[PDB]
Each structure stands twice: as C-alpha cells, then as structure tokens.
Amino acid sequence: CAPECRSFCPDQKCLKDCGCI
C-alpha cells in the first residue's frame, strides 16, 4: 500500500492506492 498510511481504508485515496476497492 501507500508509503505512509495505515490499512482498513484509512483515507479516501490511501484506501484506493492500498487495496480496498
């Protein structure tokens, strides 16, 4: 996922970059 962002869809983009959708 992102370089600086937790999991479980933390933010709007972070969740999209990580792997929520």
# chains A, B, ... in the order shown; residues from 1 in each chain; ligands from 1
call {"tool": "select_by_dssp", "arguments": {"residues": "chain A", "states": "alpha helix (DSSP H)", "output": "PyMOL selection string"}}
result
chain A and resi 14-18
call {"tool": "write_last_selection", "arguments": {"atoms": "N, CA, C and O atoms", "output": "mmCIF file, in the first residue's frame"}}
result
data_model
loop_
_atom_site.group_PDB
_atom_site.id
_atom_site.type_symbol
_atom_site.label_atom_id
_atom_site.label_comp_id
_atom_site.auth_asym_id
_atom_site.auth_seq_id
_atom_site.Cartn_x
_atom_site.Cartn_y
_atom_site.Cartn_z
ATOM 1 N N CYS A 14 -5.796 6.857 0.063
ATOM 2 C CA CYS A 14 -4.992 5.810 0.681
ATOM 3 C C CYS A 14 -5.669 4.449 0.537
ATOM 4 O O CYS A 14 -5.006 3.431 0.336
ATOM 5 N N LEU A 15 -6.993 4.440 0.642
ATOM 6 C CA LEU A 15 -7.762 3.205 0.523
ATOM 7 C C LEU A 15 -7.778 2.711 -0.919
ATOM 8 O O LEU A 15 -7.866 1.510 -1.175
ATOM 9 N N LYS A 16 -7.691 3.645 -1.860
ATOM 10 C CA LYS A 16 -7.692 3.306 -3.279
ATOM 11 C C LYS A 16 -6.308 2.852 -3.731
ATOM 12 O O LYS A 16 -6.181 1.968 -4.579
ATOM 13 N N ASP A 17 -5.275 3.459 -3.158
ATOM 14 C CA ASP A 17 -3.899 3.115 -3.500
ATOM 15 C C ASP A 17 -3.479 1.815 -2.821
ATOM 16 O O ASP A 17 -2.738 1.015 -3.391
ATOM 17 N N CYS A 18 -3.958 1.611 -1.598
ATOM 18 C CA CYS A 18 -3.632 0.411 -0.838
ATOM 19 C C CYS A 18 -4.207 -0.832 -1.512
ATOM 20 O O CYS A 18 -3.480 -1.609 -2.129
#
call {"tool": "residues_around", "arguments": {"residues": "residue 19 of chain A", "least_positions_apart": "4", "cutoff": "10 Å", "atoms": "only C-alpha atoms", "output": "list in words"}}
result
residues 1, 2, 7, 8, 9, 14 and 15 of chain A
call {"tool": "decode", "arguments": {"residues": "chain A", "atoms": "C-alpha atoms", "output": "mmCIF file, in the first residue's frame"}}
result
data_model
loop_
_atom_site.group_PDB
_atom_site.id
_atom_site.type_symbol
_atom_site.label_atom_id
_atom_site.label_comp_id
_atom_site.auth_asym_id
_atom_site.auth_seq_id
_atom_site.Cartn_x
_atom_site.Cartn_y
_atom_site.Cartn_z
ATOM 1 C CA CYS A 1 0.000 0.000 0.000
ATOM 2 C CA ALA A 2 0.944 3.677 0.242
ATOM 3 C CA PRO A 3 4.314 4.612 1.795
ATOM 4 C CA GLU A 4 2.656 6.393 4.718
ATOM 5 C CA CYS A 5 -0.876 5.223 5.510
ATOM 6 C CA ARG A 6 -2.466 2.564 7.718
ATOM 7 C CA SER A 7 -4.834 -0.116 6.420
ATOM 8 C CA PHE A 8 -8.585 -0.738 6.524
ATOM 9 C CA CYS A 9 -9.200 2.201 4.189
ATOM 10 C CA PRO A 10 -7.686 4.993 6.326
ATOM 11 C CA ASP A 11 -8.297 7.828 3.865
ATOM 12 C CA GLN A 12 -10.080 8.384 0.552
ATOM 13 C CA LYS A 13 -7.058 7.926 -1.711
ATOM 14 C CA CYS A 14 -4.992 5.810 0.681
ATOM 15 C CA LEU A 15 -7.762 3.205 0.523
ATOM 16 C CA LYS A 16 -7.692 3.306 -3.279
ATOM 17 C CA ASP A 17 -3.899 3.115 -3.500
ATOM 18 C CA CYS A 18 -3.632 0.411 -0.838
ATOM 19 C CA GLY A 19 -6.170 -2.161 -1.989
ATOM 20 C CA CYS A 20 -9.651 -1.690 -0.549
ATOM 21 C CA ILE A 21 -11.880 -1.467 -3.622
#
